[PDB]
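One chain comes next, on its own, written as structure tokens: the form deposited in one PDB entry.
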């Protein structure tokens, strides 16, 4: 219900943009946390973005592949933070398992990938992030299905 498209020529643009995205994120608190869905062909500016988001904040380290696992978490400038890889998940059983850990409450920004499996426990996202990519560069609509999404996008001008 609110779209927004952005051109990303190379690395450093995924990072300005990656990191530019989150501070908007960080200024508004949460009743039900800020859903944010990551979506592209594997290897299309996914991780690059993710890091861009976390290290554009104060993550001195590495974004640990959330592969062998599911939710790797952080906590930054008055916000907890959780990456999610839903790839090795077929059963949402395992989605019901972390959420019981204070992941959806006050001060919680959950950023998730492979949302196919996150249809049950897993909420619907305020900001649907879809990332285009051909030869060198990338594209990305910042679309918002809900009300936080309508105004998180709007935050970019």
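Residue numbers count along the first chain shown, from 1. Rigid core (definition): largest C-alpha set, two forms, superposition within 1.5 Å.
Of the two segments examined, 121-129 and 87-95, it is 87-95 that shows the higher average Cα temperature factor in the deposited entry.
Two stretches are in play, 20-28 and 145-153, and the higher mean C-alpha B-factor belongs to 145-153. Each of 57, 109, 49, 63 has a CA temperature factor in the record; the biggest one is found at 109. Sort the chain's modelled residues by C-alpha temperature factor and residue 39 lands in the lowest third, per the entry. Among all modelled residues in its chain, residue 70 ranks in the middle third by Cα B-factor.
Keep in mind the form deposited with a small molecule bound is missing from the figure; the text below concerns it.
Contact annotation: residue 107 falls outside 4.5 Å of the small molecule in the deposited complex, judged by heavy atom distances. Under a 4.5 angstroms non-hydrogen atom cutoff, the small molecule in the deposited complex has residue 41 among its neighbouring residues. Although the partner is absent here, residue 46 is a contact residue: one of its heavy atoms lies within 4.5 angstroms of the small molecule in the deposited complex. Among residues of the shown chain, residue 14 is one whose heavy atoms approach the small molecule to within 4.5 Å in the deposited complex. Looking at 46-54, 27-35, 118-126, 89-97, the stretch with residues near the small molecule in the deposited complex, meaning non-hydrogen atoms within 4.5 angstroms, turns out to be 46-54. Put the two forms on the same core and the Cα of residue 70 is off by less than 2 Å between this form and the one not shown. Relative to the superposed core, residue 98 undergoes a C-alpha shift of no less than 2 Å between this form and the one not shown. With the core held fixed, the Cα of residue 88 is displaced between this form and the one not shown by less than 2 Å.
Pairwise change in the deposited complex: residue 26 and residue 98 C-alpha atoms lie farther apart than in the shown form, at least 3 Å. Distance between the C-alpha atoms of residue 100 and residue 71: shorter by at least 3 Å in the deposited complex than in the displayed form.
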